[PDB]
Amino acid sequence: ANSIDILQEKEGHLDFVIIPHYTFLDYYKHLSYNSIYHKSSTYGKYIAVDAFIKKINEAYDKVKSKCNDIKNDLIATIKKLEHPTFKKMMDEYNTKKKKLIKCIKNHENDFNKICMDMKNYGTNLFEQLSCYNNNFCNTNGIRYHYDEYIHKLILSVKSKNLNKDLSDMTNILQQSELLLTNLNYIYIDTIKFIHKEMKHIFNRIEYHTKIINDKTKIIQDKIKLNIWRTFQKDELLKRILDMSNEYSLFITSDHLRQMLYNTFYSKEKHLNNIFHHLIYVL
């Protein structure tokens, strides 16, 4: 329950991410692709690699779907709480949230089984990597995989002002708080809850933003040291594993950041609507 993030990107929808599994699955995807791009004759294996990863993802999602009944119960409680007795309504929110997390933990073994399959497949591909001479293995796999799978994400990140998104959220949180205090009720207890929700979401966004910024710089510097050059086989495998670690850590926070950003602004509409209702209707 410490490494589980909850997202609500759109009204009436809820999902969850077990953070170490996302990172784990993502890591072995980079490792697999690096293993097939090292030789030009194994490029065509990408169809099989894509198809295996797709099967793993569907298998993982099918395990997630087992908690759909508990999940939709929580969703309908959130709708009641966000669309205006509050202690009873909030107590039912915490208990339903607790059932969701217990449902997720009761399927850890199913989740781990699918994760171990991805690891084994990626490692089997990794183990077949060969060189013309082990004293100077090529790094074409590292270069190609970066150019075709990673570079677009680094540029998409660099094209954003993630720090400004945080200041925009902090200002929204501060101004909405100062609004509550200079007010004058079921509408008040509701606004305090969504504000508390948006505040936790914001701290999660801030957590991932810091990661993205660190990893953005780390990746861009490390990739320069690992391409258009050769390495002894032991060193090549080490750098591939290191790149795949950086990539997966970057991709997890980037992924979660976007989903959390959407959740924050999905909640803000409720906040704004309940404020406009407390003023113009009442």
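The first residue of the sequence shown is number 1, and the count goes up from there.
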{"property": "Residues with no coordinates between residue 84 and residue 85, taken from the deposited sequence as a class", "result": "10 or more"}
{"property": "Size class of the missing deposited segment between residue 184 and residue 185", "result": "4 to 9"}
{"property": "Of 91 to 99 and 208 to 216, the one with larger mean CA B-factor", "result": "91 to 99"}
{"property": "Per the entry, higher mean C-alpha B factor between 113 to 121 and 128 to 136", "result": "128 to 136"}
{"property": "Third of the chain's Cα B-factor distribution that residue 258 belongs to, per the entry", "result": "lowest"}
{"property": "Chain third (lowest, middle, highest) by recorded CA B-factor, residue given as residue 23", "result": "lowest"}
{"property": "Residue 193, C-alpha B-factor rank within chain (lowest, middle or highest third)", "result": "highest"}
{"property": "Entry-reported Cα temperature factor of residue 239, expressed as the chain third it lands in", "result": "lowest"}
{"property": "Among modelled residues of the same chain, the CA temperature factor third for residue 62", "result": "lowest"}
